[PDB]
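# Coordinate inspection notes
Residue strings, one per chain:
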Amino acid sequence: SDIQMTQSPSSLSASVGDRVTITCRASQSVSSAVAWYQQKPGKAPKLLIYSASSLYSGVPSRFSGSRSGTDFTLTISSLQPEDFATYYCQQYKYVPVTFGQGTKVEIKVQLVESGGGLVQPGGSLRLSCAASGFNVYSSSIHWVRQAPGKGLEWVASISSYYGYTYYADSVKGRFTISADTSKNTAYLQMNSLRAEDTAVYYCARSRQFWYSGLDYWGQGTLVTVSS
Amino acid sequence: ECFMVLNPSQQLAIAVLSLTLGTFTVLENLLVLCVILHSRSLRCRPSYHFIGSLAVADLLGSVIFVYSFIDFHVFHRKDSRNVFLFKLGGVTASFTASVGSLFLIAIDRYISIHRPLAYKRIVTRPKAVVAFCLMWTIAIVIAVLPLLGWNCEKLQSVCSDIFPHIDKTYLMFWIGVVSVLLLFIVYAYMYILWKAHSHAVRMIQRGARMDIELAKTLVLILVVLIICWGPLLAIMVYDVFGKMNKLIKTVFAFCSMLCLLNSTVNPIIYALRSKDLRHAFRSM
Amino acid sequence: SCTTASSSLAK
Amino acid sequence: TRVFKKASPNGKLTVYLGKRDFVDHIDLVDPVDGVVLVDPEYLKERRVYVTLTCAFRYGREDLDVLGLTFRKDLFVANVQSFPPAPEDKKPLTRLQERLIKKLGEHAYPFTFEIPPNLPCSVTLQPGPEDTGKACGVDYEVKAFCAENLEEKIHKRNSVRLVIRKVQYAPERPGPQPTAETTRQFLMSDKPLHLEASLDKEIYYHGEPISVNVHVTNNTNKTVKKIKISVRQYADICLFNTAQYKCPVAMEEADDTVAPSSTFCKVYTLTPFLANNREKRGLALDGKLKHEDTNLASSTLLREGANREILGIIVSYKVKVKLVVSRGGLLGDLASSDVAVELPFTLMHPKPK
Ligand SMILES: CC(C)(CCCCCCN=C=S)c1cc(O)c2c(c1)OC(C)(C)[C@@H]1CC[C@@H](CO)C[C@@H]21
């Protein structure tokens, strides 16, 4: 089925330098295959915690996370001006990948992407992100929504090594994803865009062998539809 | 100017052996064929398809051989040109087709033991059907052309004392076609056994048991191979020598039923060792 | 038959 | 930190293991450590047995079992668990002790020490028509109720778990693999020299393979076509030893080398299992269930006795093949080729 994952609180205000925690719950057992992500406003998100415990290399040790059954919590030791952001958490033990609504906290080797603009109902569009420094057979490439004011939603996944491509439920057959291994690029073709699917689209990279979250994150491009 | 065959009870006695052996082999092949046709589960993999082709080839000529025995070997009553020439052509075609089907099975299992992964890719239903059909067409033509072609009577040539109206040229052609395939089969088995023993030494060397198990059937099947084709071919090749002994004729008549002994033993040694066939016969 | 599961462990 | 579990449908017999993946270095292999939990009130005299079984099953054996071959079994080790009969050997394990204290009483441990000479797990690529219970070399930890005349009752309620042994990278890059050859055709006095190399020695799965090819052709003969490929050949030894020659990466280069000329460049071929879906008999990494896994990681051996290891050994070697063009009876009908082969080892890195 589909795993619905609810994050609490919706938002929280905490002073600078103090303890803070954010919790989340999973409808069905996910077994330590959850990841915690950080999202500065406007900028693209980055990975914080993978495998429900470990800290991605480069993150400050001031972050930590733990699990209990299905209730998964994240702990920040202190709040600095580099901290206030929106924090997200997502499960990947079974496809489809479902994120949470998230929490907004306030104090009180790269990739390129292009192909966005305005669409008309029944129209088509070409999103394309090119990979630099990471291979197309050694990494899986995923495409994810971000509708304005709400959390991310998984869109598509391509895995060249295995030959399989996966699509989100609401978008069966609507679009197609394909990777050019010669140019090491990923193309994703919207066809017949609806009026609901209005979001900024981000493509990310994961290790094709021993999946460990969406480490290198694409900048992404904004797209909108008007009649 | 012919050659007489006549004995009140002696021809009965010499018949007895061939009659019993032929009845046994026709019964055995019928039992194998009815089991084969009873279940379609045998249709999966082409090996037993070719085994069934061999079985029907053996079954078809057994009756012809025994009928020829009881007809020629009483007074030689049959006298028309066709009733004897084309009938002997038919029985010879049966034996040649049987030994060719043995060669097909042998090469199949040889290449399976040599290219186990490539055996499945090489051996497909259309390719196997084509090869099978062209083998039997070779059998049909090699049977028919001597009858419609060369003869010491049809053309100027030398007649045979062993067989009536066939020139020696195909007495050499048939012996060659069977001998080349026989040598290839024996060589394939020898290579299989040599590989088995040459790895049996390596199990002890590096640090036997399977070689004896495989030999337990390999030695016996080679024993059948030689002990049947070797004697008949060896006796036949004395025709080129100007010996011409009628006592040797009687001995050749003795070994004529060794051919049907071959047709009897081959299905047993090719059916008993099959685990699939044995449990199929236990059940059905 | 059944199926593989998992359980906790205090550190 | 969480621990696996596999319970019997009866529910008495449950087995706990710390990790399902065990790595085997050259010096020693990580022990197979676990515990078993029951309710001995249910069985007054039946015993608990836990075994590690290694099996070289199928691998196209069943095609020849009906007359020629048979399905064998590799190292198998047993341990009793219900009674502490020895009571003297108890090295114990930190994980074992912690987990026992977690569960409490009636949790009885077991420890297995794999002999190093055993091979790594590998599964032959299953053909779609076969769609059976897989094949290759597998390891399995399986537990029975025992100490009875009849084995029928507990066979259904016995438990079994799949565990597969894998090897990781030795993180130590060796000498650059280079193959140099000089060919004289005995028809001309001018030879052709082919020198090929790889960029590095040990590759990671999914990383592109880069080959440096240099050809110097001193004779008038040219090359029609450049043939570049690696095969995944596995020595199924102590057997028929039919080392199979099956390619996994293909590269066609129609470039031609003029007489008395040089050709110097780099090709990039990547091996991947998506294209080889239609293939059969290909070796691939350990399989837990029908869930799929990547290509077989190369198995490395210790350069001591180097005895013919039981089971499957997979080694990777990439060929460069120059084919010359001879025009007989007007055009074409060339039947010559000169190839050299470069060995390499492909395996995952050690996770941190
Ligand atoms: C096939 C073989 C082995 C040799 C012939 C092939 C040589 C080339 C000429 N090609 C032809 S056709 C052969 C051997 C035989 O012993 C006999 C044969 C045929 O035919 C019958 C069955 C009609 C005989 C009946 C009377 C028997 C006397 O006891 C002899 C019987």
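## As for the overall build of chain B
A tally of regular secondary structure across chain B gives 9 helices and 0 strands. Taking 2.2 N^0.38 as the reference for a compact globule, 284 residues should give roughly 19 Å; the C-alpha atoms of chain B span a radius of gyration of 21 Å, in line with that estimate. For chain B, the C-alpha atoms occupy an extent of roughly 70 × 40 × 40 Å along the three principal directions. Burial analysis of chain B (284 residues in total) assigns 37% to the buried set. Summed over its atoms, the accessible surface of chain B is roughly 17,200 Å², and 73% of this surface lies on carbon and sulfur atoms. Considering chain B, the positive charge centre built from 27 side chains and the negative charge centre built from 13 side chains are found 13 Å apart.

## Here we look at the site of the ligand
All names here are of chain B. Lining the immediate surroundings of the ligand are 16 residues, of which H73, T92, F163, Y170 and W174 lie closest. One of the side-chain N or O atoms of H73 is found 2.8 Å from an oxygen atom in the ligand. Between the ligand and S256 there is a distance of 3.4 Å, counted from an oxygen atom to a side-chain nitrogen or oxygen. Alone, the ligand offers 700 Å² of accessible surface; in the complex the protein occludes 90% of this. Every element with two or more residues in the shell around the ligand is listed here: α2 (46–72), α3 (81–114), α6 (168–206) and α8 (246–271).

## With respect to the packing of aromatic side chains
Scanning all chains against the criterion turns up 25 aromatic pairs over all chains. Measuring from centroid to centroid gives 6.1 Å for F50(B) and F132(B), while their planes differ by 15°, and the two rings are stacked. Of the two residues, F50(B) is situated in helix α2 and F132(B) in helix α5 (residues 125–148); the sequence distance between them amounts to 82 residues. For the ring pair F65(B) and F95(B), a centre distance of 4.8 Å and an interplane angle of 70° mean the geometry is edge-to-face. Taken together, the residues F65(B) in helix α2 and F95(B) in helix α3 connect sequence positions 30 residues apart. Residue classification places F65(B) among the buried residues on the basis of a relative accessible area of 12%. Linked through ring pairs, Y161(A), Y162(A), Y164(A) and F209(A) together constitute an aromatic cluster. Above the plane of the ring of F185(D) lies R326(D), whose end atom (NZ or CZ) is 6.0 Å from the centre.

## Considerations on the pairing of strand β18 (residues 175–180) of chain A
Working note: regular strand, side chains alternate between the two faces of the sheet. All names here are of chain A. Of the strand pairs in this sheet, β18 and strand β19 (residues 185–191) are connected by 6 bridges, and their pairing is antiparallel. Of the residues in β19, the one forming a bridge with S178 is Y187. Connecting the antiparallel pair β18 and β19 is a turn made up of 4 residues, with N184 showing a positive phi of about 55°.

## Digging into the interface of chain D and chain A
Across the contact, 18 residues belong to chain D and 12 residues belong to chain A. In total, about 1,300 Å² of surface goes out of reach between chain D and chain A, with carbon and sulfur atoms giving 54% of it. At the boundary of chain D and chain A, one finds 0 salt bridges. On the surface where chain D and chain A come into contact, there are 5 residue pairs in polar contact. Taken together, the residues that form the side of chain D that touches chain A break down as 6 nonpolar, 6 polar and 6 charged.

Parameters and conventions
Residues numbered from 1 in each chain as written, not as in the entry; some residues may be left out. Chains lettered and ligands numbered in written order. Heavy atoms only, no water. Helix = DSSP H or I, 4+ residues; strand = E, 2+ residues; numbered from the N terminus. Rg over C-alpha atoms; globule rule 2.2 N^0.38 Å. Buried < 20%, exposed > 50% of the residue type's maximum accessible area, 1.4 Å probe, protein only. Areas by Shrake-Rupley, 256 points an atom, 1.4 Å probe, with all protein chains shown as cover. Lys, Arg positive; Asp, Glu negative; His and termini not counted. Charge placed at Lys NZ, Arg CZ, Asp CG, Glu CD. Near = heavy atom within 4 Å. Polar contact = N/O pair within 3.5 Å; in protein donor to acceptor, adjacent residues only side chain to side chain. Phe/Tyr/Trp six-rings, centres within 6.5 Å; stacked < 30°, edge-to-face > 60°. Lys NZ or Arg CZ within 6 Å of the ring centre and 35° of its normal. Pairing = 2+ DSSP bridges. Contact = heavy atoms within 4.5 Å. Buried area = accessible area lost by both parts, 1.4 Å probe. Salt bridge = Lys/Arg side-chain N within 4 Å of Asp/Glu carboxyl O. Nonpolar A, V, L, I, M, F, W, Y, C, P; charged D, E, K, R; others polar.

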